[PDB]
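Take 2548 as the starting number for the sequence shown in PDB author numbering and just add one per residue.
We put the beta carbon where it would ideally sit given N, CA and C, even for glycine.
Each remark here refers to the structure printed beneath this line.
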Amino acid sequence: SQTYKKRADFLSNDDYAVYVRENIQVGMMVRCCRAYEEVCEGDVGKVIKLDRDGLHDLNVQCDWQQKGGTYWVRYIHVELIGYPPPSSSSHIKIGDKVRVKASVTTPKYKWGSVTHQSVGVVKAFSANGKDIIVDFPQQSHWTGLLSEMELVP
């Protein structure tokens, strides 16, 4: 997994912004490292558009998982995650319909009343980012390991 530097690896926002600019690509996962307007720190976003304006302009449009929608940020607002490897985590947003992957025989936090046929709406991410809380028709407030969860087609 190609690891990227964070703001703490540079002397100045300008430095770090240049690094992000040099490395960020549409499709990349990024983490918000400096809260900005609708994007809280720690929100994770898929870059959906890059504008190439001034170094500190609102050049990074992501689809933010916790915000649940798109928001433009500056380079210094994000730290690059990159292209997570196959399935290791998917781009799932609050508000998305998810289901337990068929590849999961038993979810980390048990099935409860959820089946593979259950379709739930993501309502929150755990503080560690590894878990989502999902409201299924059969069971609200169901916690799943995000890695065992997938968007419903």
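Coarse secondary structure for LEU2693, derived from DSSP in three states: helix
Backbone CA spacing between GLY2601 and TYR2622 [nearest angstrom]: 10 Å
Nearest-angstrom Cα separation, counted from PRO2631 out to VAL2699: 19 Å
Identity of the residues DSSP links to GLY2629 by a beta bridge: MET2576
Range covered by the beta strand (DSSP E) that runs through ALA2564: From DSSP, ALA2564 is part of no beta strand (DSSP E) but of the alpha helix (DSSP H) over 2560 to 2570.
DSSP state of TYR2583 mapped onto helix, strand, coil: strand
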